[PDB]
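Data first, discussion second: the structure below is written as structure tokens.
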Amino acid sequence: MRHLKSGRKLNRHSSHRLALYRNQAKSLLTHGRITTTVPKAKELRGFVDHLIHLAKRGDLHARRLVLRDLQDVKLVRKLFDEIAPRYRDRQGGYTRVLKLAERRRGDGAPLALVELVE
Amino acid sequence: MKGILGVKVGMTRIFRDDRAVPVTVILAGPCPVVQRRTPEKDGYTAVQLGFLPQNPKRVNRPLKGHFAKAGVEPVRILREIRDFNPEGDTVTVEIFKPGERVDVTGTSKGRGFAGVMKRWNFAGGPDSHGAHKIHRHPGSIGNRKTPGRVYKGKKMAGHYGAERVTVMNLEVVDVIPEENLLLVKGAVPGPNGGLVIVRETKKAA
Amino acid sequence: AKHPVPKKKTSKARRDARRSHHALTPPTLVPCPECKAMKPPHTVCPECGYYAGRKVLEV
Amino acid sequence: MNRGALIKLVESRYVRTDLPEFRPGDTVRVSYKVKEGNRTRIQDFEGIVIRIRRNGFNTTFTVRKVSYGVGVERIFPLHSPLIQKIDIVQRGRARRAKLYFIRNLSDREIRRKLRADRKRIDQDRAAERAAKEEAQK
Amino acid sequence: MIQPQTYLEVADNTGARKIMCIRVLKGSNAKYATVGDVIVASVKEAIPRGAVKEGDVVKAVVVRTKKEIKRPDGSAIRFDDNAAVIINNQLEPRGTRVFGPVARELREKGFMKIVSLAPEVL
RNA sequence: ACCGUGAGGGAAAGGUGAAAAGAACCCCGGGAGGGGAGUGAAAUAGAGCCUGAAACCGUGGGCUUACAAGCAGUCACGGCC
RNA sequence: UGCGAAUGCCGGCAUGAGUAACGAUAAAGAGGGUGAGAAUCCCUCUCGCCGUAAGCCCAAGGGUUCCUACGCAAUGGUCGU
RNA sequence: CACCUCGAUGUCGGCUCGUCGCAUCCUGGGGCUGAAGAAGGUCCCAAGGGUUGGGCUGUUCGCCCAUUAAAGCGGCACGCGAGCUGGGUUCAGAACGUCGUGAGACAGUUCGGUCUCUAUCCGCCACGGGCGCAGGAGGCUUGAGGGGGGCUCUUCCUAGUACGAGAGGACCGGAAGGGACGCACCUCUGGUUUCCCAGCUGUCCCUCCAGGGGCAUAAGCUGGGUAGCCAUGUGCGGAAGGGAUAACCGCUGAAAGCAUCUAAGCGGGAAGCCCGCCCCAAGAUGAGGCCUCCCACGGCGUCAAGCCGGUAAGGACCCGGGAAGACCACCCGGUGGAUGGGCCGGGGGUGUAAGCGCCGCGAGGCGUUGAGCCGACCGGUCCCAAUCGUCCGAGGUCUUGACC
Ligand SMILES: [Mg+2]
Ligand SMILES: [Mg+2]
Ligand SMILES: [Mg+2]
Ligand SMILES: [Mg+2]
Ligand SMILES: [Mg+2]
Ligand SMILES: [Mg+2]
Ligand SMILES: [Mg+2]
Ligand SMILES: [Mg+2]
Ligand SMILES: [Mg+2]
Ligand SMILES: [Mg+2]
Ligand SMILES: [Mg+2]
Ligand SMILES: [Mg+2]
Ligand SMILES: [Mg+2]
Ligand SMILES: [Mg+2]
Ligand SMILES: [Mg+2]
Ligand SMILES: [Mg+2]
Ligand SMILES: [Mg+2]
Ligand SMILES: [Mg+2]
Ligand SMILES: [Mg+2]
Ligand SMILES: [Mg+2]
Ligand SMILES: [Mg+2]
Ligand SMILES: [Mg+2]
Ligand SMILES: [Mg+2]
Ligand SMILES: [Mg+2]
Ligand SMILES: [Mg+2]
Ligand SMILES: [Mg+2]
Ligand SMILES: [Mg+2]
Ligand SMILES: [Mg+2]
Ligand SMILES: [Mg+2]
Ligand SMILES: [Mg+2]
Ligand SMILES: [Mg+2]
Ligand SMILES: [Mg+2]
Ligand SMILES: [Mg+2]
Ligand SMILES: [Mg+2]
Ligand SMILES: [Mg+2]
Ligand SMILES: [Mg+2]
Ligand SMILES: [Mg+2]
Ligand SMILES: [Mg+2]
Ligand SMILES: [Mg+2]
Ligand SMILES: [Mg+2]
Ligand SMILES: [Mg+2]
Ligand SMILES: [Mg+2]
Ligand SMILES: [Mg+2]
Ligand SMILES: [Mg+2]
Ligand SMILES: [Mg+2]
Ligand SMILES: [Mg+2]
Ligand SMILES: [Mg+2]
Ligand SMILES: [Mg+2]
Ligand SMILES: [Mg+2]
Ligand SMILES: [Mg+2]
Ligand SMILES: [Mg+2]
Ligand SMILES: [Mg+2]
Ligand SMILES: [Mg+2]
Ligand SMILES: [Mg+2]
Ligand SMILES: [Mg+2]
Ligand SMILES: [Mg+2]
Ligand SMILES: [Mg+2]
Ligand SMILES: [Mg+2]
Ligand SMILES: [Mg+2]
Ligand SMILES: [Mg+2]
Ligand SMILES: [Mg+2]
Ligand SMILES: [Mg+2]
Ligand SMILES: [Mg+2]
Ligand SMILES: [Mg+2]
Ligand SMILES: [Mg+2]
Ligand SMILES: [Mg+2]
Ligand SMILES: [Mg+2]
Ligand SMILES: [Mg+2]
Ligand SMILES: [Mg+2]
Ligand SMILES: [Mg+2]
Ligand SMILES: [Mg+2]
Ligand SMILES: [Mg+2]
Ligand SMILES: [Mg+2]
Ligand SMILES: [Mg+2]
Ligand SMILES: [Mg+2]
Ligand SMILES: [Mg+2]
Ligand SMILES: [Mg+2]
Ligand SMILES: [Mg+2]
Ligand SMILES: [Mg+2]
Ligand SMILES: [Mg+2]
Ligand SMILES: [Mg+2]
Ligand SMILES: [Mg+2]
Ligand SMILES: [Mg+2]
Ligand SMILES: [Mg+2]
Ligand SMILES: [Mg+2]
Ligand SMILES: [Mg+2]
Ligand SMILES: [Mg+2]
Ligand SMILES: [Mg+2]
Ligand SMILES: [Mg+2]
Ligand SMILES: [Mg+2]
Ligand SMILES: [Mg+2]
Ligand SMILES: [Mg+2]
Ligand SMILES: [Mg+2]
Ligand SMILES: [Mg+2]
Ligand SMILES: [Mg+2]
Ligand SMILES: [Mg+2]
Ligand SMILES: [Mg+2]
Ligand SMILES: [Mg+2]
Ligand SMILES: [Mg+2]
Ligand SMILES: [Mg+2]
Ligand SMILES: [Mg+2]
Ligand SMILES: [Mg+2]
Ligand SMILES: [Mg+2]
Ligand SMILES: [Mg+2]
Ligand SMILES: [Mg+2]
Ligand SMILES: [Mg+2]
Ligand SMILES: [Mg+2]
Ligand SMILES: [Mg+2]
Ligand SMILES: [Mg+2]
Ligand SMILES: [Mg+2]
Ligand SMILES: [Mg+2]
Ligand SMILES: [Mg+2]
Ligand SMILES: [Mg+2]
Ligand SMILES: [Mg+2]
Ligand SMILES: [Mg+2]
Ligand SMILES: [Mg+2]
Ligand SMILES: [Mg+2]
Ligand SMILES: [Mg+2]
Ligand SMILES: [Mg+2]
Ligand SMILES: [Mg+2]
Ligand SMILES: [Mg+2]
Ligand SMILES: [Mg+2]
Ligand SMILES: [Mg+2]
Ligand SMILES: [Mg+2]
Numbered sequence: 001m002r003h004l005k006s007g008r009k010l011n012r013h014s015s016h017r018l019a020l021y022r023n024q025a026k027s028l029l030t031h032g033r034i035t036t037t038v039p040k041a042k043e044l045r046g047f048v049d050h051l052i053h054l055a056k057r058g059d060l061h062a063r064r065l066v067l068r069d070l071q072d073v074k075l076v077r078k079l080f081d082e083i084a085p086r087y088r089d090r091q092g093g094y095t096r097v098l099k100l101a102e103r104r105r106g107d108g109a110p111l112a113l114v115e116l117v118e
Numbered sequence: 001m002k003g004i005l006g007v008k009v010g011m012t013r014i015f016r017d018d019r020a021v022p023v024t025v026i027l028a029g030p031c032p033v034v035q036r037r038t039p040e041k042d043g044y045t046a047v048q049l050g051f052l053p054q055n056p057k058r059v060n061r062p063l064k065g066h067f068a069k070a071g072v073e074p075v076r077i078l079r080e081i082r083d084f085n086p087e088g089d090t091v092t093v094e095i096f097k098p099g100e101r102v103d104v105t106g107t108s109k110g111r112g113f114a115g116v117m118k119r120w121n122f123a124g125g126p127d128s129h130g131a132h133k134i135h136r137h138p139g140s141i142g143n144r145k146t147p148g149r150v151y152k153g154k155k156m157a158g159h160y161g162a163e164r165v166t167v168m169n170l171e172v173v174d175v176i177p178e179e180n181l182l183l184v185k186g187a188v189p190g191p192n193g194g195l196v197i198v199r200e201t202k203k204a205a
Numbered sequence: 002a003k004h005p006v007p008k009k010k011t012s013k014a015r016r017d018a019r020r021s022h023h024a025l026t027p028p029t030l031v032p033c034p035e036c037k038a039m040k041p042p043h044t045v046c047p048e049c050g051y052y053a054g055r056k057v058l059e060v
Numbered sequence: 001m002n003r004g005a006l007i008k009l010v011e012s013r014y015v016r017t018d019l020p021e022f023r024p025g026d027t028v029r030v031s032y033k034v035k036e037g038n039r040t041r042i043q044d045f046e047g048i049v050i051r052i053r054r055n056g057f058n059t060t061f062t063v064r065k066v067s068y069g070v071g072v073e074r075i076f077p078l079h080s081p082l083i084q085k086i087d088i089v090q091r092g093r094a095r096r097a098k099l100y101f102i103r104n105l106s107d108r109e110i111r112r113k114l115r116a117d118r119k120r121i122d123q124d125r126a127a128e129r130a131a132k133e134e135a136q137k
Numbered sequence: 001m002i003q004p005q006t007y008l009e010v011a012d013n014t015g016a017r018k019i020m021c022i023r024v025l026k027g028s029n030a031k032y033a034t035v036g037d038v039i040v041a042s043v044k045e046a047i048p049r050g051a052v053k054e055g056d057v058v059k060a061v062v063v064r065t066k067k068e069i070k071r072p073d074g075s076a077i078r079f080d081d082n083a084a085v086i087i088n089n090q091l092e093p094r095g096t097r098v099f100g101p102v103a104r105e106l107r108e109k110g111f112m113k114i115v116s117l118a119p120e121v122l
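Top line first, the protein sequences correspond to chains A0, AE, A5, AR and AN.
All residue numbers for the first sequence refer to PDB author numbering, where the first residue is 1 and numbers rise by one.
All residue numbers for the second sequence refer to PDB author numbering, where the first residue is 1 and numbers rise by one.
All residue numbers for the third sequence refer to PDB author numbering, where the first residue is 2 and numbers rise by one.
All residue numbers for the fourth sequence refer to PDB author numbering, where the first residue is 1 and numbers rise by one.
All residue numbers for the fifth sequence refer to PDB author numbering, where the first residue is 1 and numbers rise by one.
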């Protein structure tokens, strides 16, 4: 059953799934565009959006908050200086997820694009 | 035999006569009668009773402005009321006085493939001792060579829920016409936001 | 090797009858905005696919 | 239609504001209207509030006390018509939402564990010493 | 909810300390006894020279339960133990004097002397 | 060969054409393979090569079939090719 | 010297079936590179697991498995550059 | 008895799941009584439903404890091991008694002793795909025929009345509470709530401090915990009523003057039967109905029914999703849009964050601060994404009677 519950479990246990998102985050916040499976993407939006919207607050508390998930002292700087500002007038939707037509061969996995918005 | 459509809103307790009254708030909005159909050209008596208004013309050509008040066809005209002939136009919550019993028909929450034991409250197996991969199993399903088959209605696991269910003889704790609200106490089927139809009781009829 | 087992070889008729639903369905394709080539809907059609969203440019 | 909860939030005209502020941890005395064989008295019930079940209307709180050698817990609806009134008799420093742990603890040791929230005590008083002044003149 | 096999403290001076439920006296097949319900029990522990002896099979009425009792006014009451009062077949208490609180559900269930003898009715 | 520590056990597996003349070159392909060209009396003799049966798997066509039930055939009639 | 049966013998091909399974629940993610082709090869970064080991050194046994170049038909339980 | 089965038809008991019979254990209805009443006895009708929990023993059975309206008897391979169990029986070890010179043996005893992942057909529970229902569509429906359900106790009023010397104590009628069972449900009560919040230990790490991260499960441990899913929790059901009947009770009434409930007739009369309630249901090929839509193309088929295109009303594909769901199906959305994500507000949980200042030698304490963080719940908001499109889809056979 398991009705109006929110949040895919991606054939991973708690720590793995969590440690996954954190990793896809650093990647995205590092290259601005990422290719994954549609589902791992659909789920990445929210995880990152939050991290960004918390960068729009700039206050050190929020920095330390984002450190929990991203752990890298730079990259966070980059997030706080380069990436955050670009959205100061954009509230929500700091991310885009566009599907691709080609499917991972010998596995069939449908892929999607995940880029920072604007 | 007054009937009316509506959506289960939620549940809450009331307090009356210094007593807690658990009730289920159903919204029985104004129901624009769009057809009637009598023993003339039908053989029975009822009232098509379109509900929620909506429809920025997702209505296509099967629309019926035939019966004047279509007031932009509603999402769910579905379901008549059978042997009900309203105050001419538009049926509302006014047909119900506090103290009347009612029969609510709903669509029970779905549980998908539900095992025997839940579907049917079977006892299943022991969780210890002998045990062995049969803890939630139905046990035997027959005899031997005679009859040499399984009965026609054998209770087994299968889809369970998401079906027509009518909890009967419910008290009408209160009715608030200002907002088309109706308060029955207790057990109306289906989820919130699901569609239900409230009818006269069958204890008297 | 063990417990339940088929009692009779399934006929050519009855197996192919099982297959009556194994038939495939050709991919749903749509003509591409810019390029003339065909590509599946709602996908960044692989030849500079979009406009507002980065069209994974083959340009 | 999306009125939703604000609709159900309407039926609540039994909502009730004539009641004081209290938190799990501090002890209160709640006067409750009880039948008692035909007649009707206003029996009191005094003890530490163990829990508060916030749910808008029909949130409920539980109070426990040791009545004649036996501990008792009572659960009242925070907006119940039968509660004529409720007076706080002392503030307590919870440190933790639900305080079930005091059950296997009852004695002196529940004291020096819940230890009088002076901060909130120093209110109340000063909050009634300024409402007793700015009410007359 | 008291059940065959369940142990009850004895809230009277009949002489018993602990009784153990042996049957809940309701229908043909009730599953649990609660406040105001009468049970049959074996006396498991008892004070020397009291009215009741160990091994005695007796009747009792449940005055307290660890499982909360729900009331029509929306509230609930809950005690730290399950206690009973040994009674004769007329359902009159066997000994004088009862100790500790008792659920008001007792009066509602027709046990008038006990509620009276109770030092507090909650 | 393989199996067995060992004594020991112990198989499968033949055939293009008269002659390699065993398919230069070109096209598709990463190859494999195939398509033309070419050799030959013959290339469904192309080297997984004489003949190439049966089970078995396909593609195309004719008749036939979604209210009928059976050792599947048989005897009748009727249709359609 | 005539095969349809010997749970016959040798071989070929069927059914079950696109079904069970793909061999420890230590765990993965992205970027870049190579390439006809890449979840599976290379490199970078992040993550996880061993640590009286799942690290290292001997003796057996094994006998080219070693290093490198060029390769992917088969062997690799998928794919493979 | 030795008829199928020894190229195998697994054997007691338990568990699970039932189903049927009635020679009825209870409840309903009756006749007789050596039936005052109440309570029984005995026989008749009746199979709708119900038919408890424990101690002992492998036990079935039975004895016993506590109850009950009752603690019914049987069949189904002594129902059910491709469903479980394996205590008993019933291999190999060992021992006792007993028997035998012995090896060994015992419907005698004792302790131990491998129960085999894959369902092909039928059958059963579910869910689709196809074609059909002669024009094609979108809605709403009738119900042939099925299925579900069907139990019962206590107290009170009647009335301490009828009845009885008394003790006891009805009928009939009426009221309120239960037990078990069923369906639904989340407000309450109570669970869980795999990362929603906090606290804690060891270690490793980022950054020395402060603050944090990994691992200690597939949550490290602990205290809590929304939504959902749930019972211990909540609502509601068994009916009422109509009709026809059983045993039986009668009316009228001959044969047979009288008499007879019966032979012609009629009336009462069961928890049972048929309806009624609930659910399914037109593949009900007997494929029903009503409402509303699109229409009566182009070539061919020269005639019989057709063939190929575009098309119309619609419908799929694709995509965002869903208390719907294994896949499918179903439902809602798809920019003329609040569908999911994000953001915002509210609810809810946790229970006073970091930083700074003050007090303390210190662990820590106080304030800022109900702070901070915050899954699912109620909403709002086009910031992100449902872009753009593709394909499928009637033009209606014939006969007959009625109509302008
Ligand atoms: Mg998997
Ligand atoms: Mg972990
Ligand atoms: Mg569901
Ligand atoms: Mg069920
Ligand atoms: Mg249950
Ligand atoms: Mg059960
Ligand atoms: Mg059991
Ligand atoms: Mg169990
Ligand atoms: Mg076992
Ligand atoms: Mg197990
Ligand atoms: Mg069997
Ligand atoms: Mg075939
Ligand atoms: Mg003794
Ligand atoms: Mg060897
Ligand atoms: Mg060798
Ligand atoms: Mg050969
Ligand atoms: Mg030769
Ligand atoms: Mg020759
Ligand atoms: Mg080339
Ligand atoms: Mg060639
Ligand atoms: Mg040639
Ligand atoms: Mg030639
Ligand atoms: Mg030739
Ligand atoms: Mg050739
Ligand atoms: Mg030839
Ligand atoms: Mg050949
Ligand atoms: Mg040849
Ligand atoms: Mg060959
Ligand atoms: Mg030759
Ligand atoms: Mg050949
Ligand atoms: Mg063919
Ligand atoms: Mg038929
Ligand atoms: Mg036919
Ligand atoms: Mg058949
Ligand atoms: Mg035939
Ligand atoms: Mg013929
Ligand atoms: Mg022969
Ligand atoms: Mg043979
Ligand atoms: Mg061969
Ligand atoms: Mg299979
Ligand atoms: Mg399978
Ligand atoms: Mg598998
Ligand atoms: Mg594996
Ligand atoms: Mg690359
Ligand atoms: Mg290249
Ligand atoms: Mg990778
Ligand atoms: Mg890669
Ligand atoms: Mg791998
Ligand atoms: Mg060596
Ligand atoms: Mg080698
Ligand atoms: Mg090497
Ligand atoms: Mg190499
Ligand atoms: Mg290879
Ligand atoms: Mg290869
Ligand atoms: Mg391979
Ligand atoms: Mg392998
Ligand atoms: Mg290569
Ligand atoms: Mg014989
Ligand atoms: Mg013989
Ligand atoms: Mg055989
Ligand atoms: Mg066999
Ligand atoms: Mg008899
Ligand atoms: Mg009877
Ligand atoms: Mg009598
Ligand atoms: Mg009798
Ligand atoms: Mg009988
Ligand atoms: Mg035993
Ligand atoms: Mg018995
Ligand atoms: Mg016996
Ligand atoms: Mg018994
Ligand atoms: Mg039986
Ligand atoms: Mg027998
Ligand atoms: Mg048997
Ligand atoms: Mg077995
Ligand atoms: Mg058995
Ligand atoms: Mg045994
Ligand atoms: Mg055993
Ligand atoms: Mg001897
Ligand atoms: Mg023997
Ligand atoms: Mg034994
Ligand atoms: Mg042992
Ligand atoms: Mg034994
Ligand atoms: Mg098996
Ligand atoms: Mg069969
Ligand atoms: Mg179908
Ligand atoms: Mg027809
Ligand atoms: Mg019917
Ligand atoms: Mg039935
Ligand atoms: Mg029926
Ligand atoms: Mg039935
Ligand atoms: Mg008397
Ligand atoms: Mg008298
Ligand atoms: Mg009566
Ligand atoms: Mg009742
Ligand atoms: Mg709730
Ligand atoms: Mg709850
Ligand atoms: Mg919860
Ligand atoms: Mg640490
Ligand atoms: Mg460092
Ligand atoms: Mg530190
Ligand atoms: Mg580590
Ligand atoms: Mg480690
Ligand atoms: Mg681990
Ligand atoms: Mg943790
Ligand atoms: Mg808890
Ligand atoms: Mg229950
Ligand atoms: Mg009746
Ligand atoms: Mg009748
Ligand atoms: Mg009658
Ligand atoms: Mg007469
Ligand atoms: Mg009669
Ligand atoms: Mg009659
Ligand atoms: Mg009845
Ligand atoms: Mg229906
Ligand atoms: Mg029809
Ligand atoms: Mg109609
Ligand atoms: Mg879905
Ligand atoms: Mg749609
Ligand atoms: Mg669109
Ligand atoms: Mg939205
Ligand atoms: Mg909030
Ligand atoms: Mg503080
Ligand atoms: Mg602070
Ligand atoms: Mg200092």
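Beta carbons are placed, not taken as given, at the ideal position from N, Cα and C, and that holds for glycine.
For the segment 64–96 of chain AR, residues whose beta-carbon sits nearer than 7 Å to a beta-carbon of chain AN comprise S67, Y68, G69, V70, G71, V72, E73, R74, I75, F76, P77, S80 and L82.
Closest in alpha carbon position to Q35 (chain AE), among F96 (chain AE), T92 (chain AE), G50 (chain AE) and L27 (chain AE), is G50 (chain AE).
Distance from the CA of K42 (chain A0) to the CA of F61 (chain AR), rounded to the nearest whole angstrom, comes to 41 Å. Between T34 (chain AN) and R64 (chain AN), the alpha-carbon positions lie close to 8 Å from each other.
In this structure, ligand 83 has a non-hydrogen atom nearer than 7 Å to the beta-carbon of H4 (chain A5).
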